[PDB]
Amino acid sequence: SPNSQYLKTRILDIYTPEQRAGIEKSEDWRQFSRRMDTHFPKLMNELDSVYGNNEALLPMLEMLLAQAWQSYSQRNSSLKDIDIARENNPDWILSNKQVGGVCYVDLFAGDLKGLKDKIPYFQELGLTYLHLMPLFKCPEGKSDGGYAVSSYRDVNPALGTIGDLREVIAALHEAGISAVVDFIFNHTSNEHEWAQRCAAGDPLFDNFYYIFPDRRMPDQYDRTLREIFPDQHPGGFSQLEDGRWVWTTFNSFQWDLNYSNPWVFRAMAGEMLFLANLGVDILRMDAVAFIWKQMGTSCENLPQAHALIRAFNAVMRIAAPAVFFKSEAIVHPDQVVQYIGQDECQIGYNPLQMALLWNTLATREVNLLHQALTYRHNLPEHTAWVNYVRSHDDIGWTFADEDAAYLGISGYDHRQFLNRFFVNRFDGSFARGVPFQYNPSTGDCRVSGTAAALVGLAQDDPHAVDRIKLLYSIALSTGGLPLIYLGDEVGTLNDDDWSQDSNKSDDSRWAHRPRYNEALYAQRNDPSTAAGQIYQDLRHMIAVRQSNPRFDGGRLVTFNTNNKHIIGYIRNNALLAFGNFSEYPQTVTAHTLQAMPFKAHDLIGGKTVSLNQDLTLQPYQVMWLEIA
């Protein structure tokens, strides 16, 4: 494989002698040159591990690096300042100062200009991170909520222009808020130019997707493929009008890009540089698990998939150091954590903690949650979890069957219970969720519904508000960057009428994608309403998290409460958090607390608590005790 020095001399060959001389003395080239030397070896290594002796590898690499230079050269000075800032502070993602939020621009604020006007609200809430859902052009009608991309550069006209987006990103930065957007790199819509030209036989786009002449290959692959949306189609393939079959892991209108073609990597890398120069701070790496296929395997989490992601990482270290990756891997816990690494995805969703929060509310038993917090919470240095309560997607019970078996719990039977409970098919359940993708051949099923609908707020369960506070308290204090599903902070319920829209009727996830509720947000400062109670409670926890150093970092140690209903953990050996998942008063004995100071201040309720005697927590009460 070639080296950094050689490649750089060739990149400069596009200039005349006088220009070349000038470029080599510029600060921009100096920085680019240093980063090339430091990070190129990784880029070469990862790419080689995937493409090997592929003839197109070197040519593709030189083209990409040429684009890399032009991209960095054009990169705005403000962004270049951030590049340096994050190079010197890789742990900014681990600061307790960070609190994120996510919303659809259209549902939450109408359009981009409307969103820009909501920025004062985000500052009021205390956000420092904002993820905006798919913003670019997609098919009219059904596009999997924007996840079927028809253009990575043309903004969805209904939202505004690429110009409004630039202003939004600049405004966010002015307010001290990082811009987070999706990098849907595993597939494009079937209306994307690449897909159209590839299917039409354009040699320029040959091998950009996985297309087969018949069911021979598809049938063989399907033997080991997991179905994501079985409601839509079986296996992972869809048939074209001409009879051929195309790999479609998700919806039939979403075609998986073929990364076994180095030109696909180059193409997507170019798109990443485009987003990078808009000022994006974090790219949500959508469906990272599926970017590599291999007959005989599940085609998920394969070695090449990780290598490719690490190659993309190297590209940013070279041409846009400020850009970090947020891994979206909703799979087995042993697989989830493998995507998280300083040289891969610096942060990633923590589906395990999330799913177990809901699990514990249902069972009133923290065994699984405790297990996860004890054995699967801490991460490598310079990386962090993105802890959440809900997202734009359904809830999947992604806990490990192996872990559950250690506790005498049958994973399969347990999920059957959880699914019945959360769709209100279990005596006494307070949840009002909706089924999503019940798979007759596997028994699997997920849950749709807002946090408020799942805790019983729709029917005004008196514990509803407290349940919400409990869930968010854990995501905000366990260690990592907490992500708030905007709307949850005022108790927004389901979009009861989603099933009336023919474009949404077959996707229950829209039940938990309601628009901005004017009535609820208008009540946020009224302590007599559910909206105000939830809002003030979450705002308080956010304020405490950001101002109290005890929450800094992502490391934690669990504390055995000796009460199956109470979760316990310690942050920085100075903050003892307790969470009662029972609707009844629960006690932590004086005996269990012997090692703690006799008195401790509770950051939640603001009172001094005695720890040299039995400590009784009210239903769903949460305590953040400063023990140091």
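Counting begins at 1, following the sequence as shown.
Stretches 114 to 122 and 370 to 378 differ in mean C-alpha B factor, with the higher average recorded for 114 to 122. Stretches 281 to 289 and 105 to 113 differ in mean CA B factor, with 105 to 113 having the higher one. When the Cα B-factors of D552, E328, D488, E87 are read from the PDB record, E87 comes out highest. Highest C-alpha temperature factor among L165, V389, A276, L454 per the entry: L165. Remark: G141 belongs to the highest third of its chain, ranked by C-alpha B-factor as recorded. In this PDB entry, the Cα temperature factor of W245 sits in the top third of its chain's modelled residues, the highest group.
When the CA B factors of the chain's modelled residues are split into thirds, the value for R35 lands in the middle one. When the CA B factors of the chain's modelled residues are split into thirds, the value for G100 lands in the lowest one. When the modelled residues of the chain are ordered by C-alpha B-factor, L556 sits in the middle third.
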